[PDB]
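Trainee: From the sequence below, what's the structure:
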Amino acid sequence: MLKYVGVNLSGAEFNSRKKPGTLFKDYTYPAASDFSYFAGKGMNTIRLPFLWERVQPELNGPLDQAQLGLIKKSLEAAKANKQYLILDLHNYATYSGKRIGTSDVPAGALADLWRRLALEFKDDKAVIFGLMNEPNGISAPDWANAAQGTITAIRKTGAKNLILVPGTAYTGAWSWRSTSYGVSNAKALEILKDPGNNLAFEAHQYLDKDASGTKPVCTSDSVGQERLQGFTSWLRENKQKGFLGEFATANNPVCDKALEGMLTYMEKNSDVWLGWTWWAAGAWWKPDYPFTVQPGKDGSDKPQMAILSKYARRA
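Mentor: Numbering: from 1, shown residues only. Coordinates below:
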């Protein structure tokens, strides 16, 4: 019933204001063996963060061929392992520190970026378009307009690929219907239309006190279920689909119970949830990073992988 199960391979988005930055110093792409390791654990989906500034060094300008080539190489590794690849434009609705909607970064600039990416990847069935990582500092209606422009631009190319569209406010599932941040994502995104009818709403969910994923605590053993429900019911009412683009839990008993509960929840609600990608793996996490599922140099599995693999293989 769940279609996509996997992990974020983090690295290409590192050092986000070094432009272009230096490959293997400031940022990296995943090794081919990362893809095969996760496929071996039952994961059919890789979310691949990369930077808008690196793939398109001038707004409205040509794609950088070197950076594009790195993305295409990751796509070849995904395909070799029968994995889908989510292209995650990992930019927080900013380009070079400037927010979409400023005169410096018009919403049309994002549409042009995605037009170009769609022209490149429209004939790759493995490719999923992750429009923007965690938009914030832009109102939900303003973001919805930018998202609509981007969806329209992609479909004008002929691309039939799945599009993952986030809300603003860091696209938290828990806050989907809230007004802490202005008009709500629920209200603002009800108007979106996809002429290709292949859209899902990307939400992220962390389980610490403020849902920021900055502390290795899960507030309770069932907080995942509680925090997803508002979003799940919104999907079901509106006949839409969702994708849990990021989530994580630390290596402790309460978090393990919360992880089991949340992954079971997504099975039970697979009529609306398409799947999930854990944050994160990739070779550049430090040993104290609480959410890494990158295998050790010794080849050993990280603690959370025992649970993730069980659910991934079940899908």
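
Trainee: Now do the same contact list for residue 7.
Mentor: Residues near residue 7 by Cβ atoms under 8 Å, 6 or more residues apart in numbering: 38, 43, 45, 46, 47, 277, 278, 279, 280, 281, 293, 308. Backbone N, C-alpha and C define where each C-beta goes, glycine included.

Trainee: quick one: which of the residues you listed is nearest to residue 164?
Mentor: Residue 164 has its nearest neighbour among the contacts of residue 7 in residue 47, at 9.2 Å by Cβ to Cβ.

Trainee: how much space is there between the closest one and residue 297?
Mentor: Note on residue 47: its distance to residue 297, by Cβ to Cβ, to the nearest Å, is 23 Å.

Trainee: Ok, residue 251 next?
Mentor: Applying Cβ to Cβ, the value for residue 251 to residue 297 is 18 Å.

Trainee: between these two, who's got more neighbours?
Mentor: residue 251 (14 against 7; other Cβ atoms under 10 Å).

Trainee: Now the more buried one, what are its backbone angles?
Mentor: Dihedral angles of residue 251 (phi, psi; degrees, to the nearest 10) stand at phi -90, psi 80.

Trainee: And for it, nearest residue in space, chain neighbours not counted?
Mentor: Spatial nearest neighbour of residue 251, excluding adjacent residues (Cβ to Cβ, 6 or more residues apart in numbering): residue 303 at 4.1 Å.

Trainee: And for the one you found, the neighbour number?
Mentor: Neighbours of residue 303 (other Cβ under 10 Å): 16.

Trainee: Wait, it touches residue 250, no?
Mentor: No: taking contacts as Cβ atoms under 8 Å, residue 303 lies outside contact range of residue 250: 9.0 Å.

Trainee: Would you state the strands of the stretch 101-250 of the chain in chain order?
Mentor: 127-130, 163-166, 199-206, 242-248 (DSSP state E, counting those that start in this stretch).

Trainee: I'd like these as JSON lines, with mean neighbour count appended.
Mentor: Converted to JSON lines, the strands of the stretch 101-250 of the chain look like this (neighbours: other Cβ atoms under 10 Å):
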{"stretch": "strand 127-130", "mean neighbour count": "24"}
{"stretch": "strand 163-166", "mean neighbour count": "25"}
{"stretch": "strand 199-206", "mean neighbour count": "24"}
{"stretch": "strand 242-248", "mean neighbour count": "25"}
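
Trainee: Tell me which of those strands sits nearest to residue 219.
Mentor: strand 199-206 (10.1 Å).

Trainee: Only C-alpha atoms, please: export the closest one in CSV.
Mentor: Provided in CSV are the C-alpha atoms of strand 199-206 (Å, rounded to 0.1, in the frame of the first residue of the first chain):
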residue,chain,number,x,y,z
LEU,A,199,0.7,15.9,-7.2
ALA,A,200,1.3,15.1,-3.6
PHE,A,201,1.8,17.4,-0.6
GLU,A,202,5.1,17.2,1.1
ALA,A,203,5.1,17.5,4.9
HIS,A,204,7.9,17.1,7.4
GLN,A,205,7.5,15.9,10.9
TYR,A,206,10.0,15.9,13.8
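
Trainee: ok, residue 104 touching residue 97?
Mentor: No: when contacts are counted by Cβ under 8 Å, residue 104 is not listed as touching residue 97 (9.5 Å).

Trainee: ok so, going back, which member of the contacts of residue 7 is positioned nearest residue 227?
Mentor: residue 279 (15.3 Å).

Trainee: Now do stretch 20-32: everything it contacts.
Mentor: 9, 11-15, 18, 46, 48, 51, 53-54, 57, 64, 67, 70-71, 73-74, 77, 80, 282-284.

Trainee: Give the buried residues for it.
Mentor: Buried residues in stretch 20-32, counted by 16 or more other Cβ atoms under 10 Å: 21, 27, 28, 29, 30.
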